[PDB]
Amino acid sequence: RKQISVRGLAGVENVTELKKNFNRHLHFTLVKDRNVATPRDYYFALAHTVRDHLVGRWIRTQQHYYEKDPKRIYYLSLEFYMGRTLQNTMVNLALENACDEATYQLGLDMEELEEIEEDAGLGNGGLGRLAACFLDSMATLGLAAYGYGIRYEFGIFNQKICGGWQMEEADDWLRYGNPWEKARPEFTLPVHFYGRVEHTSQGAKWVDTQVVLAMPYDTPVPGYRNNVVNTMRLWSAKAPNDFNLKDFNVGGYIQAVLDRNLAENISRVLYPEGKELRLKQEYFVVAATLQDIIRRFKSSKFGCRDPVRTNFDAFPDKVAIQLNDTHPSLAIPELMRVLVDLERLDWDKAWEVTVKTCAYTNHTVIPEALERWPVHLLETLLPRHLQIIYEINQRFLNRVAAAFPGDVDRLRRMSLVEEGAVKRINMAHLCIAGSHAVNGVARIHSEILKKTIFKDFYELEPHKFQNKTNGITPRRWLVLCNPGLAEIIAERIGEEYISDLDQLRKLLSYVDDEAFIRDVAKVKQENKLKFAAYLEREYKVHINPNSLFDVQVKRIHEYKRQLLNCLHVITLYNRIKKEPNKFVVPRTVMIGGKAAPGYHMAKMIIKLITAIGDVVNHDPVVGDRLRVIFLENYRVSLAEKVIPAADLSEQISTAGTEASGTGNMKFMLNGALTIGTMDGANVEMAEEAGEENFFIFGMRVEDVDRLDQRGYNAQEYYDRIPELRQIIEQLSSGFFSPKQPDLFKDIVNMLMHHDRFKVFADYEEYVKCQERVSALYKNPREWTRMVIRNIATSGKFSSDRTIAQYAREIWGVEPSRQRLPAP
Amino acid sequence: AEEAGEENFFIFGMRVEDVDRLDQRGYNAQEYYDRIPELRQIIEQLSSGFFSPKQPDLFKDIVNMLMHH
Ligand SMILES: O=c1[nH]cnc2c1ncn2[C@@H]1O[C@H](COP(=O)(O)O)[C@@H](O)[C@H]1O
Ligand SMILES: *Cc1c(COP(=O)(O)OP(=O)(O)O)cnc(C)c1O
């Protein structure tokens, strides 16, 4: 027994040992040899050779949190946007050097190998990327943190561009498996659907329930050189498989073939209205998760530390639950259910624990997005939690009766049940009522939740409403994607910045130093050169590596206004044709996003964006002064490639629309200047960098409301501006579309008659901004120094701060960048 | 109208050539709500919850349609 120990298992940065474990895994774990090993085969042996170093400190970290028994906090989210783990695990584990040299000796190229890895299709967007930067920051500042959520077999779609129209292919990333996960079939948990509530004696008894088993997979997430490794636990669904003769449902009829597939694709598919599968997926993750949580509470040396019930009295001192958005919300009615029906606490003690346990992050601004479920759906599948949720509602509405007596209209505005045709339950109100801290995600966004969207809740409990501005992590989004900038920042100010980013302010002393200025412009020239190469080698175009690299990589929605940007590109076009010989700053405009299958404007937009570019990049007079490229199937591996290259960050959402914007911050950090409205994340980065160093432009949020007030009448603009009047007629006549003139007919009308986001309003000033942009560009030394002021001011946007603030201000635990002894 | 004669019919409103004009320039609803007082009045009855006292906010998507699209 005590001699079964982790101790003698690793002589790390040693090339001769890493060669050894390489050859162990290729052969013994993969049961392959060099005569038949593929690059995938060698990709997996390396994966595993690095993994052994991982699980060893998973080990040590997790032994250490059990001995030390800290507040350990469960980050629940239904999408974890991870993307490629190898280089990120090596750099974080300090193994990058010895592994590269090692594979160099084995005569394998590690970069060829690192591109075999499939982009972890657990996520889709922001909500998911945010979960992955937050898990990195929580390791680095050694928190006892767990990321929880479903395992999606099929990611979401992997896009293809066939003929300028978008095609969704599927991401079967788990095809040759995943070397970074450990299946734990041992810990498979039941999760019940449907049923009937038998109100028996001391309680209620949820009977006749269908079961779906949740089987968990574990994945390790390493810190920045601190030897803590934390866990990411993703759940997979498995139907019970008695379905053959055992149950006597069957024999006679196996039409409950359906049970087993309606269970299975809980885990299969990401999403992507009121569909029972979303609700079964969300409740799937909550239920499994919280049984793990209370399993670890009563086990984690607290089965010894009972004093009363193994009391839930001290549950909020050992658990923190973060409801990232309204997808986890049945965490509040499920933790009561367990506490109240299964253990036996009464409702007021059990409620005490829930509210002190639960905290809720909101990411939406428009009331039209907040999530809401029909009471007839919840009665059918969760009939017991409909009960609890009504009692939660009743008692909350008497609290509001305490506080504003006489009020009739707040009872009904504030309530969890919503009236109309289709009686709904408002999930955002559930969260506020059973959580002890509600937070937004950028200053303005948390204020307009306090001021308009949740205000009658802001009045009953103003204490609740916090804000914790998002962040990007410096490991993967500066060190990893950009070594060249990492390095030259390190010569000057040292390595602590990577685990302490505000001290990038130190850089501001080197503003006028020409060695920094030059070096800083050299690395971009490097980065652009290499990205220019990737744009030929994997996808194709003839980029001019000297051009101003204008990239917009955002979700193709109307409100994300890529169309704006298209009016501007067509503008540049028309000028280079009208005035063939005026000096124009050459640009390469790159736009990228996944449509959202079913959203027909977005499919029409990518079409515009390809054919503008079919026109201009082939037309002889524009030469190499302008090119427009669409960046296909934008995902995390492409972000770490094009964000290093970019000179201009295209952040143009109608103002008042964004809640924040994490690609914004990534771009700043790598010396890319921002053109952008005074919205979302742009505001505090303008505030850091100084507005002189930002390209702000277009109608501030005040002016939006004004324009709505009197009515946005787009024709007036058409009729003042002669460029605008012209590019509309070019779209319409078929100049961009000669085999189907009439194609952009529904984009032209939209803009012209019912633009809900006012593209035309900000058109004039947008391109005036753009002209500023190109000028400064044509002045290296002053271009390259704005960058330096921007990068140097990046401190407020490292996710290490966002978590440090979550830690102190909502969860109640202290940060620590201390290196656990280990390996 | 033509077999009865115009005089025997109550014809009205925007004829087509006019709707095509108001589209050519862009129908800005707001203007009409701000000339006409009784219009203002009913819009403001719809949003205040006059007709809807238990969920006042109920005809809000009607009211916004009317107002903005
Ligand atoms: O009581 C314990 N003492 C020491 N280490 C433990 C104990 N229970 C769990 N561990 C560690 O915790 C890891 C995770 O277990 P879980 O958190 O219960 O799922 C194991 O792989 C062990 O390293
Ligand atoms: C950072 C990031 C994101 C985040 O995109 P944004 O927050 O900038 O805005 P939306 O596009 O509107 O969500 C999404 N995808 C990847 C790959 C990435 O690195």
# chains A, B, ... in the order shown; residues from 1 in each chain; ligands from 1
>>> residues_near_ligand(ligand="ligand 2", cutoff="9 Å", atoms="only C-alpha atoms and all ligand atoms", output="ChimeraX atom specification")
/A:81,83,124-130,472,477,552-557,560,593,634-640,643,651,653,658,660-666
>>> interface_residues(of="chain B", to="chain A", cutoff="9 Å", atoms="only C-alpha atoms", output="number ranges by chain")
B: 23-31, 54-55, 58, 67-69
>>> write_last_selection(atoms="N, CA, C and O atoms", output="mmCIF file, in the first residue's frame")
data_model
loop_
_atom_site.group_PDB
_atom_site.id
_atom_site.type_symbol
_atom_site.label_atom_id
_atom_site.label_comp_id
_atom_site.auth_asym_id
_atom_site.auth_seq_id
_atom_site.Cartn_x
_atom_site.Cartn_y
_atom_site.Cartn_z
ATOM 1 N N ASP B 23 -43.066 55.027 -49.997
ATOM 2 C CA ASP B 23 -41.960 54.083 -49.935
ATOM 3 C C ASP B 23 -40.705 54.639 -50.570
ATOM 4 O O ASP B 23 -39.591 54.450 -50.064
ATOM 5 N N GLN B 24 -40.865 55.332 -51.694
ATOM 6 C CA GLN B 24 -39.766 56.007 -52.357
ATOM 7 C C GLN B 24 -39.107 56.982 -51.410
ATOM 8 O O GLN B 24 -37.905 57.178 -51.452
ATOM 9 N N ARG B 25 -39.846 57.640 -50.552
ATOM 10 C CA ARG B 25 -39.193 58.508 -49.612
ATOM 11 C C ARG B 25 -39.025 57.858 -48.260
ATOM 12 O O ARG B 25 -38.258 58.320 -47.421
ATOM 13 N N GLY B 26 -39.729 56.811 -47.931
ATOM 14 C CA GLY B 26 -39.525 56.228 -46.634
ATOM 15 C C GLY B 26 -40.547 56.700 -45.646
ATOM 16 O O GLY B 26 -40.603 57.833 -45.201
ATOM 17 N N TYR B 27 -41.425 55.775 -45.329
ATOM 18 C CA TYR B 27 -42.484 55.969 -44.380
ATOM 19 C C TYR B 27 -41.945 56.014 -42.963
ATOM 20 O O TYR B 27 -41.644 55.033 -42.267
ATOM 21 N N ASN B 28 -41.978 57.221 -42.467
ATOM 22 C CA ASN B 28 -41.526 57.398 -41.120
ATOM 23 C C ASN B 28 -42.742 57.477 -40.201
ATOM 24 O O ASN B 28 -43.174 58.560 -39.827
ATOM 25 N N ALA B 29 -43.354 56.369 -39.777
ATOM 26 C CA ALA B 29 -44.517 56.362 -38.865
ATOM 27 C C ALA B 29 -44.627 57.475 -37.852
ATOM 28 O O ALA B 29 -45.622 58.196 -37.880
ATOM 29 N N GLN B 30 -43.545 57.681 -37.082
ATOM 30 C CA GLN B 30 -43.463 58.682 -36.038
ATOM 31 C C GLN B 30 -44.077 60.021 -36.364
ATOM 32 O O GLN B 30 -44.867 60.526 -35.556
ATOM 33 N N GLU B 31 -43.839 60.516 -37.587
ATOM 34 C CA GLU B 31 -44.394 61.804 -37.959
ATOM 35 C C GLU B 31 -45.919 61.911 -37.782
ATOM 36 O O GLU B 31 -46.447 62.856 -37.174
ATOM 37 N N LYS B 54 -54.366 43.660 -16.266
ATOM 38 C CA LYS B 54 -53.586 42.631 -15.603
ATOM 39 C C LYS B 54 -52.238 42.410 -16.287
ATOM 40 O O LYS B 54 -51.309 42.068 -15.564
ATOM 41 N N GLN B 55 -51.982 42.486 -17.599
ATOM 42 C CA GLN B 55 -50.602 42.460 -18.089
ATOM 43 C C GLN B 55 -50.639 43.553 -19.122
ATOM 44 O O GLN B 55 -51.057 43.311 -20.260
ATOM 45 N N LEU B 58 -48.842 43.682 -22.185
ATOM 46 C CA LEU B 58 -49.321 42.701 -23.140
ATOM 47 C C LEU B 58 -49.315 43.192 -24.548
ATOM 48 O O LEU B 58 -48.666 42.495 -25.312
ATOM 49 N N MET B 67 -45.361 51.366 -34.374
ATOM 50 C CA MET B 67 -44.389 52.406 -34.228
ATOM 51 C C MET B 67 -43.170 52.366 -35.095
ATOM 52 O O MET B 67 -42.635 53.395 -35.507
ATOM 53 N N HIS B 68 -42.627 51.168 -35.272
ATOM 54 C CA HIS B 68 -41.331 51.068 -35.919
ATOM 55 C C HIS B 68 -41.139 50.202 -37.154
ATOM 56 O O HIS B 68 -40.080 50.320 -37.780
ATOM 57 N N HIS B 69 -42.143 49.389 -37.558
ATOM 58 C CA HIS B 69 -42.113 48.471 -38.726
ATOM 59 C C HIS B 69 -43.432 47.813 -39.187
ATOM 60 O O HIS B 69 -43.675 46.586 -39.206
#
>>> closest_residue(among="A:531, A:302, A:284, A:630", to="ligand 1", atoms="only C-alpha atoms and all ligand atoms")
A:302
>>> residues_near_ligand(ligand="ligand 1", cutoff="10 Å", atoms="only C-alpha atoms and all ligand atoms", output="number ranges by chain")
A: 55-67, 146, 184, 187, 218, 230-231, 233, 292-293, 295-297, 299-302
>>> write_last_selection(atoms="N, CA and C atoms", output="mmCIF file, in the first residue's frame")
data_model
loop_
_atom_site.group_PDB
_atom_site.id
_atom_site.type_symbol
_atom_site.label_atom_id
_atom_site.label_comp_id
_atom_site.auth_asym_id
_atom_site.auth_seq_id
_atom_site.Cartn_x
_atom_site.Cartn_y
_atom_site.Cartn_z
ATOM 1 N N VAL A 55 -1.047 14.380 -15.455
ATOM 2 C CA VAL A 55 -1.805 13.598 -14.470
ATOM 3 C C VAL A 55 -0.999 13.439 -13.164
ATOM 4 N N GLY A 56 0.340 13.399 -13.282
ATOM 5 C CA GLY A 56 1.225 13.423 -12.105
ATOM 6 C C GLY A 56 1.072 14.617 -11.131
ATOM 7 N N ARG A 57 0.837 15.794 -11.688
ATOM 8 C CA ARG A 57 0.630 16.919 -10.800
ATOM 9 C C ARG A 57 -0.856 17.026 -10.556
ATOM 10 N N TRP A 58 -1.740 16.331 -11.305
ATOM 11 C CA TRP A 58 -3.180 16.267 -11.008
ATOM 12 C C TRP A 58 -3.429 15.507 -9.694
ATOM 13 N N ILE A 59 -2.742 14.354 -9.517
ATOM 14 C CA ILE A 59 -2.337 14.106 -8.644
ATOM 15 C C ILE A 59 -2.147 14.996 -7.428
ATOM 16 N N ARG A 60 -0.916 15.501 -7.400
ATOM 17 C CA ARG A 60 -0.380 16.362 -6.403
ATOM 18 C C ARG A 60 -1.270 17.512 -6.127
ATOM 19 N N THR A 61 -1.879 18.158 -7.141
ATOM 20 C CA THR A 61 -2.766 19.306 -6.879
ATOM 21 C C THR A 61 -3.973 18.847 -6.142
ATOM 22 N N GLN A 62 -4.571 17.780 -6.672
ATOM 23 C CA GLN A 62 -5.834 17.379 -6.117
ATOM 24 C C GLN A 62 -5.565 16.719 -4.753
ATOM 25 N N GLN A 63 -4.381 16.138 -4.431
ATOM 26 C CA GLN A 63 -4.176 15.535 -3.122
ATOM 27 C C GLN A 63 -4.133 16.686 -2.131
ATOM 28 N N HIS A 64 -3.365 17.697 -2.537
ATOM 29 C CA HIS A 64 -3.202 18.934 -1.813
ATOM 30 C C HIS A 64 -4.550 19.584 -1.570
ATOM 31 N N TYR A 65 -5.519 19.747 -2.483
ATOM 32 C CA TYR A 65 -6.781 20.350 -2.067
ATOM 33 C C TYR A 65 -7.523 19.418 -1.133
ATOM 34 N N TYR A 66 -7.270 18.102 -1.102
ATOM 35 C CA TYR A 66 -8.084 17.358 -0.187
ATOM 36 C C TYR A 66 -7.515 17.578 1.174
ATOM 37 N N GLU A 67 -6.178 17.580 1.331
ATOM 38 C CA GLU A 67 -5.552 17.741 2.647
ATOM 39 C C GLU A 67 -5.841 19.098 3.246
ATOM 40 N N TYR A 146 -13.756 23.577 -10.334
ATOM 41 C CA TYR A 146 -14.153 22.479 -11.213
ATOM 42 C C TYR A 146 -14.901 23.044 -12.385
ATOM 43 N N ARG A 184 -14.640 7.633 -16.711
ATOM 44 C CA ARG A 184 -14.877 7.128 -15.380
ATOM 45 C C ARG A 184 -16.209 6.371 -15.332
ATOM 46 N N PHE A 187 -18.347 5.998 -12.219
ATOM 47 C CA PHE A 187 -19.092 6.997 -11.496
ATOM 48 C C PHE A 187 -20.352 7.384 -12.232
ATOM 49 N N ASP A 218 -13.028 12.935 -17.368
ATOM 50 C CA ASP A 218 -12.204 13.902 -16.659
ATOM 51 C C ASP A 218 -11.102 14.463 -17.505
ATOM 52 N N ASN A 230 -6.163 21.456 -12.398
ATOM 53 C CA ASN A 230 -7.509 21.280 -11.931
ATOM 54 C C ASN A 230 -8.363 20.336 -12.797
ATOM 55 N N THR A 231 -9.665 20.066 -12.590
ATOM 56 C CA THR A 231 -10.383 19.079 -13.391
ATOM 57 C C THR A 231 -11.485 19.722 -14.210
ATOM 58 N N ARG A 233 -14.849 18.238 -15.751
ATOM 59 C CA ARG A 233 -15.588 16.985 -15.723
ATOM 60 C C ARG A 233 -16.711 17.143 -16.719
ATOM 61 N N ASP A 292 -22.421 14.996 -7.722
ATOM 62 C CA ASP A 292 -20.957 14.962 -7.569
ATOM 63 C C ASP A 292 -20.524 15.940 -6.489
ATOM 64 N N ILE A 293 -21.112 17.143 -6.559
ATOM 65 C CA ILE A 293 -20.844 18.207 -5.618
ATOM 66 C C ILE A 293 -21.192 17.634 -4.250
ATOM 67 N N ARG A 295 -21.716 14.669 -3.272
ATOM 68 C CA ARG A 295 -20.946 13.465 -3.049
ATOM 69 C C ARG A 295 -19.665 13.992 -2.504
ATOM 70 N N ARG A 296 -18.890 14.876 -3.140
ATOM 71 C CA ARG A 296 -17.651 15.378 -2.611
ATOM 72 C C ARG A 296 -17.770 16.123 -1.316
ATOM 73 N N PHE A 297 -18.878 16.825 -1.048
ATOM 74 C CA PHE A 297 -19.063 17.497 0.246
ATOM 75 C C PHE A 297 -19.101 16.479 1.390
ATOM 76 N N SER A 299 -18.115 13.326 1.191
ATOM 77 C CA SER A 299 -16.804 12.641 1.241
ATOM 78 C C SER A 299 -15.597 13.465 1.690
ATOM 79 N N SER A 300 -15.201 14.557 1.004
ATOM 80 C CA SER A 300 -14.029 15.410 1.263
ATOM 81 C C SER A 300 -13.736 15.708 2.708
ATOM 82 N N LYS A 301 -13.298 14.688 3.447
ATOM 83 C CA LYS A 301 -12.981 14.788 4.867
ATOM 84 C C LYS A 301 -14.068 15.416 5.778
ATOM 85 N N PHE A 302 -15.199 15.814 5.192
ATOM 86 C CA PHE A 302 -16.365 16.337 5.846
ATOM 87 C C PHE A 302 -17.266 15.143 6.208
#
>>> residues_around(residues="residue 211 in chain A", least_positions_apart="2", cutoff="8 Å", atoms="only C-alpha atoms", output="PyMOL selection string")
chain A and resi 190-193+209+213+239-240
>>> closest_residue(among="B:1, B:22, B:11, B:63", to="residue 45 in chain B", atoms="only C-alpha atoms")
B:63
>>> residues_around(residues="residue 766 in chain A", least_positions_apart="5", cutoff="8 Å", atoms="only C-alpha atoms", output="ChimeraX atom specification")
/A:568,697-698
>>> write_last_selection(atoms="C-alpha atoms", output="PDB file, in the first residue's frame")
ATOM      1  CA  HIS A 568     -16.737  50.548 -46.848  1.00  0.00           C
ATOM      2  CA  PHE A 697     -16.640  56.566 -34.370  1.00  0.00           C
ATOM      3  CA  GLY A 698     -20.449  56.468 -35.112  1.00  0.00           C
TER       4      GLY A 698
END
>>> atom_distance(atom1="CA of residue 821 in chain A", atom2="CA of residue 69 in chain A")
17.0 Å
>>> atom_distance(atom1="CA of residue 363 in chain A", atom2="CA of residue 171 in chain A")
26.3 Å
>>> select_by_dssp(residues="range 492-556 of chain A", states="strand (DSSP E or B)", output="list in words")
residues 548, 549, 550, 551, 552 and 553 of chain A
>>> residues_around(residues="residue 173 in chain A", least_positions_apart="4", cutoff="10 Å", atoms="only C-alpha atoms", output="list in words")
residues 117, 118, 119, 120, 121, 122, 152, 153, 154, 155, 156, 158, 177 and 178 of chain A
>>> atom_distance(atom1="CA of residue 326 in chain A", atom2="CA of residue 411 in chain A")
21.7 Å
>>> select_by_dssp(residues="chain B", states="helix (DSSP H, G or I)", output="PyMOL selection string")
chain B and resi 6-8+16-25+30-35+37-48+56-68
>>> residues_around(residues="residue 44 in chain A", least_positions_apart="3", cutoff="9 Å", atoms="only C-alpha atoms", output="list in words")
residues 25, 26, 30, 39, 40, 41, 47, 48, 49, 113, 117, 178 and 179 of chain A
>>> write_last_selection(atoms="N, CA and C atoms", output="PDB file, in the first residue's frame")
ATOM      1  N   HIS A  25       4.495   4.898 -25.344  1.00  0.00           N
ATOM      2  CA  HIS A  25       3.150   5.133 -25.818  1.00  0.00           C
ATOM      3  C   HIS A  25       2.886   4.781 -27.248  1.00  0.00           C
ATOM      4  N   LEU A  26       3.813   4.982 -28.174  1.00  0.00           N
ATOM      5  CA  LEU A  26       3.543   4.593 -29.518  1.00  0.00           C
ATOM      6  C   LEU A  26       3.244   3.105 -29.681  1.00  0.00           C
ATOM      7  N   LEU A  30      -0.447   2.544 -27.838  1.00  0.00           N
ATOM      8  CA  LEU A  30      -1.163   2.564 -29.128  1.00  0.00           C
ATOM      9  C   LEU A  30      -1.200   1.270 -29.940  1.00  0.00           C
ATOM     10  N   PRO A  39       0.908  10.070 -38.814  1.00  0.00           N
ATOM     11  CA  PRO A  39       1.153  11.269 -37.999  1.00  0.00           C
ATOM     12  C   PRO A  39       0.152  11.482 -36.864  1.00  0.00           C
ATOM     13  N   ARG A  40      -1.038  10.900 -37.017  1.00  0.00           N
ATOM     14  CA  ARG A  40      -2.036  10.866 -35.963  1.00  0.00           C
ATOM     15  C   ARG A  40      -1.457  10.008 -34.871  1.00  0.00           C
ATOM     16  N   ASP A  41      -0.960   8.809 -35.179  1.00  0.00           N
ATOM     17  CA  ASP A  41      -0.336   7.844 -34.269  1.00  0.00           C
ATOM     18  C   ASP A  41       0.794   8.458 -33.512  1.00  0.00           C
ATOM     19  N   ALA A  47       0.966  13.122 -27.329  1.00  0.00           N
ATOM     20  CA  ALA A  47      -0.113  13.682 -26.494  1.00  0.00           C
ATOM     21  C   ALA A  47       0.051  13.106 -25.086  1.00  0.00           C
ATOM     22  N   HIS A  48       0.018  11.751 -25.093  1.00  0.00           N
ATOM     23  CA  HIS A  48       0.224  10.925 -23.913  1.00  0.00           C
ATOM     24  C   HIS A  48       1.572  11.129 -23.225  1.00  0.00           C
ATOM     25  N   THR A  49       2.747  11.333 -23.901  1.00  0.00           N
ATOM     26  CA  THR A  49       4.039  11.504 -23.245  1.00  0.00           C
ATOM     27  C   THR A  49       4.056  12.737 -22.390  1.00  0.00           C
ATOM     28  N   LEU A 113       2.944  17.783 -36.171  1.00  0.00           N
ATOM     29  CA  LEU A 113       2.191  17.002 -35.199  1.00  0.00           C
ATOM     30  C   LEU A 113       1.221  17.934 -34.578  1.00  0.00           C
ATOM     31  N   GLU A 117      -4.201  17.825 -34.168  1.00  0.00           N
ATOM     32  CA  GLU A 117      -5.162  17.881 -33.147  1.00  0.00           C
ATOM     33  C   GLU A 117      -6.353  18.646 -33.642  1.00  0.00           C
ATOM     34  N   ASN A 178      -9.816  10.978 -28.047  1.00  0.00           N
ATOM     35  CA  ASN A 178      -9.258  12.145 -27.403  1.00  0.00           C
ATOM     36  C   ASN A 178      -8.178  11.745 -26.376  1.00  0.00           C
ATOM     37  N   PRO A 179      -6.890  11.745 -26.627  1.00  0.00           N
ATOM     38  CA  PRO A 179      -5.922  11.406 -25.624  1.00  0.00           C
ATOM     39  C   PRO A 179      -5.992  12.212 -24.386  1.00  0.00           C
TER      40      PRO A 179
END
>>> residues_around(residues="residue 588 in chain A", least_positions_apart="6", cutoff="7 Å", atoms="only C-alpha atoms", output="VMD selection string")
chain A and resid 547 to 550 626 to 628
